[PDB]
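Q: One structure follows; several queries about it will come next.
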Amino acid sequence: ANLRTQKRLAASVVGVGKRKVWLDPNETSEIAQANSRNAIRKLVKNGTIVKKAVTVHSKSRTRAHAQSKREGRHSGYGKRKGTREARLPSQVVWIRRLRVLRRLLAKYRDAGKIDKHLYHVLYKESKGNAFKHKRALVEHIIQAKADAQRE
Amino acid sequence: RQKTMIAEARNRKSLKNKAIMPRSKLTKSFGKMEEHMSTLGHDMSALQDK
Amino acid sequence: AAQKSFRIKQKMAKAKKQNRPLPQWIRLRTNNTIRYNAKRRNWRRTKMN
Amino acid sequence: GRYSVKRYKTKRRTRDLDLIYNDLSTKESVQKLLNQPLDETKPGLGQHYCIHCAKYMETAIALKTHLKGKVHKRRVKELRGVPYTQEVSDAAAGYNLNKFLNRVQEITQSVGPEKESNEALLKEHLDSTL
Amino acid sequence: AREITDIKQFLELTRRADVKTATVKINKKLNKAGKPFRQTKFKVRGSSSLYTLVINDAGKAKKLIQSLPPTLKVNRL
Amino acid sequence: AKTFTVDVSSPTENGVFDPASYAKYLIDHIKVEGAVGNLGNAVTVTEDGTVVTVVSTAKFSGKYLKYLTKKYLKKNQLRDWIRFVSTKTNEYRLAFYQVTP
RNA sequence: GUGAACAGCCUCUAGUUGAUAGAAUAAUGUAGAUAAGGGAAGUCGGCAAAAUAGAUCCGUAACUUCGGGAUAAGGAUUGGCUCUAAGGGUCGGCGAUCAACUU
RNA sequence: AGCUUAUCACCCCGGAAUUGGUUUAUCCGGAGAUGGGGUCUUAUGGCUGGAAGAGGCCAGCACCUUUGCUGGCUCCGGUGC
RNA sequence: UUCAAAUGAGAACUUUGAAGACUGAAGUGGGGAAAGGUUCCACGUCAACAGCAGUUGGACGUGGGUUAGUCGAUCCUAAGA
Ligand SMILES: [Zn+2]
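Next up, the structure:
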């Protein structure tokens, strides 16, 4: 016999590929009688043709390795194979840093912790460097305000 | 017997290829479960009726 | 192709209607010289332009 | 195969930790090799010579980066105990036991802390100059 | 397809004289997250569009069913 | 709280299953905040003979219950003939496969 | 998934399992691979092969159309596991809360 | 399909050096900034209608069918060079 | 590449199942343009062809099959004729 058409039709009906669908070799004449998708559906429901659930692709190992990376492993020079820039652009780092410094100064000026003139000079100093992060900027602000009230 | 179970499941599984068929859809004989449950130590007088 | 012109499709239809063997009731005729179709065509052997 | 064949040739043979033990044992030996007059052929022109890893570096900073490394610590953790001579190899088989045991107690008493103090002086000398 | 809020315009649509068919749909829904209740959708088939009215309260819904005209065909579920 | 309800009539009648051993397995192998031995006022496993019942205030799920029950069936060599299924929400039951003569 | 990466290696979905077969394992070949000690004595000719190779750090000459040469050259390292520090956002008149991989 | 929603752009008030606002990238302002309020394009997203009645996932039950019919679920989120 | 069964006079090569592998999303996948023109699909089916074989086939014999106000041509003009 030749159940090629039947395998094709069963795949097209169930909505999978032919690599999945399964024909019990005992009901060969009953399958060969079928030449229609309605008959193939009958054979699907009665239990003559089934679906063959998916071949697995587990991610336990990937999740474990990722967890170790979060914990700070597998990162040394023997694992690094691209440049520091290709791994993380200095442009991206500088963008983050400068957005942060601009946002902080905006919030301080709007709250009233600082005036617009000191805001203006700090804006351009943070556009340049000499403010490496939030901590340094806050400390410089404190020094400025303290010497101002001292004057 | 534990080693025998492992050796049996090694042949039975073949899991990295083709995703073992579900038992929902398959059908088994009667006589097979007779032997299985007799080996387990049950009796089939309640199943023979059926 | 698949966006043919009707001229090409008409020629194709003629070719399909020609693509046959010879009928058997012509073998049985008085003074029959014809034994096969010598103008037979197949898509793979000869192209019809 | 090729890796072992082309690393561990007798041409490219290194300096047999027994001798490094015997060299780090005494004061004069370590001071001689720290001094090491200017030789035109040696890599670092003499100076910058690690004794544990019997190796000439080019410069002081190359010595620093060598010492801040696991290749150095491999050797220092290999050189702490006794040096495994033929005495050990035959005392294991039942041959000149008393010589081996005298050598062992000799190292445990005399030569051990001698070399340890020499290593400590070496380390603080190098860390202070570098 | 179009939604309606008012009731007067739904009655006008039922009496528009180009409507032949309507249908009532019942759905079980949860309010906010909380309690089951019975939403009703009264759809009427115009020529160009399908107009629909959403009624949450079944009491007003069945009175709407009563006030529907009699010649209009209706389909339940 | 949350209630889950297993039925064991089918196998127990034909004599392959005892609900008391199943509950004795569950009550010890159920985990809370780590390992065995923390079912303090949180969980209550109780049988009737035809129906086993679980009541949990802690983290517990039908998939966890199915996992435990399948483990018990594999222990007693019943995985290849019986399946744990849901008939209604949080109402499960054991059922034989489609064995025909 | 590894990794800078649509590279190379493995896998999921989908597809294929097509290319005349069987038995032995001689030489000569075709495609590869290893070899003591010596290391270009080979050969027209170091042809071919080998060696080097990624990333971090140090360091980098003559000459120069001053822009380059330059990855010049030459050197120290690279695993795994347990930790430390630093690098942010949202709300509250310093705290509560949340989150990523980079060093 | 209905309602709503945006960067740029524009309008009203007001009149700026102790010059200010501001992009990752430095440009804008008496030819009227910052600030306050408002208008517009509706690509794009959100809600509703379409539309759950569909589809999907399960459980069954007729077993004599070359179509046999019922029941449940289909929810709420999070994150990024 | 292999194992059993089925079919058949006959199976290393066909069908199903059971295994083992491969392409490895810049595919041995899913769709299209030019070109081809029924090679698509089904039923029978082995004389010749498929550099072995053949129960199989893009072969042989006979049929079926391509549904548009919204996809295209059609219309516009481009270099040009
Ligand atoms: Zn050393």
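Going down the list, the sequences are from chains R, b, l, I, k and U.
Taken in order, the first sequence gives residues 2 to 152; the numbers are from PDB author numbering.
Taken in order, the second sequence gives residues 499 to 548; the numbers are from PDB author numbering.
Taken in order, the third sequence gives residues 2 to 50; the numbers are from PDB author numbering.
Taken in order, the fourth sequence gives residues 2 to 131; the numbers are from PDB author numbering.
Taken in order, the fifth sequence gives residues 2 to 78; the numbers are from PDB author numbering.
Taken in order, the sixth sequence gives residues 12 to 112; the numbers are from PDB author numbering.
Where is the CB? At the ideal position from N, CA and C, for every residue including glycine.
So what does DSSP say about R/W23, is it helix, strand or coil?
A: Residue state, collapsed to three classes: strand.
Q: Here's the rule: buried if 16 or more other CB atoms are within 10 angstroms of the residue's CB, otherwise exposed. What is I/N119?
A: Looking at its Cβ environment, which holds 16 or more other Cβ atoms inside 10 Å, I/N119 is buried.
Q: In terms of alpha-carbon separation, which member of U/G73, U/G45, U/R90, U/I38 lies closest to residue 8 of chain U?
A: Lying before the first or after the last residue shown, residue 8 of chain U is absent from chain U, which here runs from 12 to 112.
Q: Compare the Cα-Cα distances from U/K70 to each of U/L50, U/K85, U/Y108, U/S20 and report the closest residue.
A: When each option's Cα is compared against that of U/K70, the closest is U/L50.
Q: Residues around ligand 1, please: the condition is that the C-beta lies closer than 5 Å to some non-hydrogen atom of it.
A: That gives I/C51, I/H53, I/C54, I/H73.
Q: Anyone know if the C-beta pair for I/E88 and I/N97 falls short of 8 Å?
A: Yes, Cβ-Cβ distance for I/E88 and I/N97 is below 8 Å.
Q: Going by the CB atoms, is the gap between b/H534 and U/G26 shorter than 8 Å?
A: No; because the gap between Cβ atoms is not below 8 Å, this pair is not in contact.
Q: Apart from the five residues just before and just after R/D25, which ones in its own chain have a Cβ nearer than 7 Å to its Cβ?
A: Excluding residues within five positions, the ones whose Cβ falls inside 7 Å are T49.
Q: Expressed to the nearest angstrom, what Euclidean distance is found between the alpha-carbon atoms of R/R20 and b/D547?
A: Each residue's Cα considered, the two are about 41 Å apart.
Q: For the beta strand (DSSP E) holding U/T98, just list the boundary residues, first then last.
A: Looking at the DSSP string, the run of the beta strand (DSSP E) that includes U/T98 is 93-99.
Q: Measuring CA to CA, which of U/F107, U/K85, U/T111, U/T80 is closest to U/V17?
A: Out of U/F107, U/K85, U/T111, U/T80, U/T80 has the C-alpha closest to the C-alpha of U/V17.
Q: If you measure from the beta carbon of b/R521 to each beta carbon in chain U, is any gap under 8 Å?
A: Closer than 8 Å: yes.
Q: Less than 8 Å between the CB atoms is what I'm expecting for k/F38 and k/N57, so what's the real figure, rounded?
A: Going by Cβ atoms, the distance from k/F38 to k/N57 rounds to 7 Å, so yes, they are a contact pair.
Q: b/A517 versus chain R: which residues are under 9 Å apart at the beta carbon?
A: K21, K53, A54, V55, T56, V57, listed in chain order.
Q: Let me see if you follow: with CB-CB separation under 8 Å, is b/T525 close to chain R or not?
A: It does; some Cβ of chain R falls within 8 Å.
Q: Give the interface partners of b/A505 over in chain U, defined as CB-CB distance under 7 Å, in chain order.
A: In chain order: nothing, as chain U lies at least about 17 Å away.
Q: If you draw a straight line from the alpha carbon of U/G60 to that of U/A106, how long is it in whole angstroms?
A: Between U/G60 and U/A106, the C-alpha separation is close to 16 Å.
Q: So, are the CB atoms of U/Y36 and U/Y78 less than 8 Å apart?
A: Cβ distance not < 8 Å, so U/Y36 and U/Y78 don't count as in contact.
Q: Can a CB atom of chain b be found closer than 8 Å to the CB of U/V27?
A: Yes - at least one Cβ of chain b is within 8 Å of the one on U/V27.
Q: I want to verify the contact list: residues of chain U whose CB lies under 8 Å from the CB of b/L545, in sequence order.
A: The contacting residues are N25.
Q: State the start and end residues of the unbroken alpha helix (DSSP H) segment that holds R/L10.
A: 5-15 is the extent of the alpha helix (DSSP H) around R/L10.
Q: Would you decide whether k/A2 is buried or exposed? Buried here means 16 or more other CB atoms lie within 10 Å of its CB.
A: Its Cβ having fewer than 16 others within 10 Å, k/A2 is exposed.
Q: Between U/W92, U/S97, U/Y103, which lies nearest to b/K523 when the distance is taken from Cα to Cα?
A: For the residues U/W92, U/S97, U/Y103, the minimum Cα distance to b/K523 belongs to U/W92.
Q: Three or more beta-carbon pairs under 8 Å between the segment 65-80 of chain R and the segment 38-48 of chain R, yes or no?
A: No contact exists between the segment 65-80 of chain R and the segment 38-48 of chain R.
Q: Beta-carbon within less than 8 Å of I/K116's beta-carbon, same chain only, minus the 5 sequence neighbours each way: which residues are those?
A: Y22, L25, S26.
Q: Hey, could you find the ends of the beta strand (DSSP E) U/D18 is sitting in?
A: Segment 13-18, the beta strand (DSSP E) holding U/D18.
Q: Is the Cβ of U/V66 closer than 8 Å to any Cβ of chain b?
A: With 8 Å as the cut-off, U/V66 does not count as an interface residue toward chain b.
Q: Among the residues of its own chain, which have a CB less than 6 Å from the CB of I/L131, if the five just before and after it don't count?
A: Taken in chain order, the residues that qualify are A61, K65.
Q: What three-state label does DSSP hand I/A121 in the structure shown?
A: Correct three-state label for I/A121: helix.
Q: Check for me: the beta strand (DSSP E) holding I/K7 runs from which residue to which?
A: Careful: I/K7 lies outside any beta strand (DSSP E), inside the alpha helix (DSSP H) at 3-8.
Q: Quick check on the DSSP output: the beta strand (DSSP E) that includes k/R3 runs from which residue to which?
A: It spans 3-5 - the beta strand (DSSP E) in which k/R3 sits, taken as one unbroken run.
Q: Which class does R/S61 belong to by DSSP, given the choice of helix, strand or coil?
A: R/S61 falls in the helix class under three-state DSSP.
Q: Please work out which residues of its chain come closer than 7 Å, Cβ to Cβ, to I/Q48, disregarding the five sequence neighbours upstream and downstream, and give them in chain order.
A: Once the five neighbours on either side are set aside, the close Cβ partners of I/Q48 are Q37.
Q: So which of k/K21, k/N32, k/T15, k/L54 has the shortest CA-CA distance to k/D7?
A: The shortest Cα separation from k/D7 among k/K21, k/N32, k/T15, k/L54 belongs to k/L54.
Q: Using a beta-carbon distance below 8 Å, is U/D91 in contact with chain b?
A: Judged by the 8 Å Cβ criterion, U/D91 is in contact with chain b.
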